[PDB]
K.L.:
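Handing you this structure, nothing more for now.
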Amino acid sequence: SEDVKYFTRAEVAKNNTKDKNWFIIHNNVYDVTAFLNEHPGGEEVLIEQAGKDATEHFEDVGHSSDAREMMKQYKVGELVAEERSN
Ligand code: HEM
Ligand SMILES: [Mg+2]
Ligand SMILES: [Mg+2]
């Protein structure tokens with residue numbers, strides 16, 4: 001009864017512009033198209049990562065507990081395991 005959708009990195013890479021702004025962080029896939037102007041760190045750092053694995057950039061910032069919880073509402077799925085960063 002889990003209802004997780006699994007994506008490949010090629011599928012994520014198709015969603016690579018500000019109007020379909022997806023990225024991967026720690027093997028979770030997020031669609032932040034509706035978050036761009038709500039992000040305290042601005043929209044450009046997020047548009048720069050559209051279609052990519054943004055894990056290292058996200059971690060370099062050291063986001064807070066509240067930012068980590070806020071992210072969950074933008075999760076749309078997870079990477080297929082064979083492409084995961086382990
Ligand atoms: C593309 C990956 C991301 C990058 C590069 C990024 C970058 C940044 C930057 C530069 C700041 C300003 C704070 C600082 O520089 O000290 C920031 C703050 C913040 N970001 Fe992001 N961010 C990313 C993804 C997200 C996501 C998905 C969320 C959640 C919905 C989020 C939520 C926040 C919040 C709430 C803050 C305020 C500080 C904190 O709570 O940690 N960010 N971000
Ligand atoms: Mg910059
Ligand atoms: Mg780009």
Side-chain angles (χ1 to χ4, degrees):
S1 62
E2 274 188 7
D3 75 327
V4 170
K5 185 174 174 177
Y6 297 84
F7 294 99
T8 64
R9 290 180 185 272
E11 284 169 330
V12 176
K14 292 179 189 317
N15 294 317
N16 68 344
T17 61
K18 73 178 290 213
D19 66 289
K20 53 174 180 176
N21 204 112
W22 294 25
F23 46 57
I24 298 140
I25 293 171
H26 294 299
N27 309 304
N28 304 291
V29 182
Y30 300 88
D31 169 8
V32 295
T33 301
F35 180 61
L36 302 182
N37 287 320
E38 291 297 303
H39 185 228
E43 70 183 312
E44 203 37 61
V45 295
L46 305 182
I47 293 171
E48 285 175 2
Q49 301 305 132
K52 304 189 196 307
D53 187 317
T55 299
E56 185 189 337
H57 298 291
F58 176 81
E59 282 306 333
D60 285 348
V61 171
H63 281 86
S64 72
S65 174
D66 290 342
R68 195 183 324 291
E69 186 71 11
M70 188 182 286
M71 308 166 79
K72 297 171 171 176
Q73 76 196 297
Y74 299 109
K75 182 171 173 177
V76 296
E78 296 179 356
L79 283 186
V80 293
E82 67 176 30
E83 295 187 353
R84 283 169 45 85
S85 300
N86 285 314

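Quick note: residue numbers are just sequence positions, from 1. Atoms within a ligand are numbered from 1 in the order they appear, just like the ligands themselves.
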K.L.:
Taking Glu83 for its side chain and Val80 for its backbone only, find out whether a donor-acceptor pair lies under 3.5 Å.
P.N.:
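Pair absent, no side-chain N/O of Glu83 close to backbone of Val80.
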
K.L.:
Could you pull out the N/O/S protein atoms under 2.8 Å of atom 21 (Fe) of ligand 1, ignoring any water?
P.N.:
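Metal shell, protein only: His39 NE2, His63 NE2.
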
K.L.:
Heavy-atom contacts under 4.0 Å between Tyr30 and ligand 1: side chain, backbone, both, or neither?
P.N.:
neither

K.L.:
Can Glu69 and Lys72 be counted as an ion pair, charged N to O under 4.0 angstrom?
P.N.:
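Looking at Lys72 together with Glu69, the answer is yes, because their closest N to O distance falls below 4.0 Å.
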
K.L.:
Once side chain to side chain donor-acceptor pair (under 3.5 Å) is applied, do any residues pair with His26, and if so which ones, sequence neighbours excluded?
P.N.:
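Only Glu59 meet the side chain to side chain donor-acceptor pair (under 3.5 Å) criterion with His26.
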
K.L.:
For ligand 1, which atoms, with element, lie under 4.0 Å from some heavy atom of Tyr74?
P.N.:
30 (C)

K.L.:
For the NZ atom on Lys18, are there more than 12 heavy atoms of other groups (residues, nucleotides or ligands in this structure) within a distance under 6.0 Å?
P.N.:
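At most 12 heavy atoms, drawn from other residues, nucleotides or ligands, come within 6.0 Å of this atom.
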
K.L.:
Applying side chain to side chain contact (heavy atoms under 4.5 Å, CB included), name anything that partners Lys75, two or more places apart in sequence or on another chain.
P.N.:
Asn28, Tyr30, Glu78

K.L.:
Is any N or O atom of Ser64, backbone or side chain, closer than 3.5 Å to an N or O atom of ligand 1?
P.N.:
yes

K.L.:
Side chains of residues 34-51: which donor-acceptor pairs under 3.5 Å do they make with residues two or more places apart or in other chains?
P.N.:
| unit_1 | atom_1 | unit_2 | atom_2 | d |
| --- | --- | --- | --- | --- |
| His39 | ND1 | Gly42 | N | 3.4 |
| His39 | ND1 | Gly42 | O | 2.8 |

K.L.:
Do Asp66 and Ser64 have side-chain N/O donor and acceptor atoms under 3.5 Å apart?
P.N.:
no

K.L.:
Is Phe23 linked to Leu79 within one hydrophobic cluster, defined over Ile, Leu, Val, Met, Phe, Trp and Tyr using a side-chain heavy-atom separation of less than 4.5 Å?
P.N.:
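No; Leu79 is not reachable from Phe23 via cluster members.
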
K.L.:
Give the atom numbers and elements of ligand 1 that come within less than 4.0 Å of a heavy atom of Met71.
P.N.:
29 (C), 30 (C)

K.L.:
Please work out whether any backbone atom (N, CA, C, O) or any side-chain heavy atom from C-beta onward of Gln49 is under 4.0 Å from ligand 1, and answer side chain, backbone, both or neither.
P.N.:
side chain

K.L.:
Could you check whether any side-chain heavy atom of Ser85 comes within less than 4.5 Å of a side-chain heavy atom of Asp53, counting everything from C-beta outward?
P.N.:
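Yes, their side chains come closer than 4.5 Å.
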
K.L.:
Please report which non-hydrogen protein atom sits nearest to atom 28 (C) of ligand 1, along with the residue it belongs to and the distance in Å to one decimal place.
P.N.:
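Looking only at protein heavy atoms, the one closest to atom 28 (C) of ligand 1 is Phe35 CE2, 3.4 Å.
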
K.L.:
With heavy-atom distances below 4.0 Å as the criterion, list the atoms of ligand 1 near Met70.
P.N.:
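By the 4.0 Å cutoff, the relevant atoms are 30 (C).
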
K.L.:
If the cut-off is 4.0 Å to any non-hydrogen atom of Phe23, which atoms of ligand 1 fall inside it?
P.N.:
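Heavy-atom distances to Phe23 below 4.0 Å select 1 (C).
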
K.L.:
Would atom 38 (C) of ligand 1 count as contacted, meaning some protein heavy atom under 4.0 Å?
P.N.:
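No, because not a single protein heavy atom sits under 4.0 Å from atom 38 (C) of ligand 1.
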
K.L.:
Assigning hydrophobic clusters by single linkage (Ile, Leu, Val, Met, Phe, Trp, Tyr; side-chain heavy-atom cutoff under 4.5 Å), is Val76 placed with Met71?
P.N.:
no

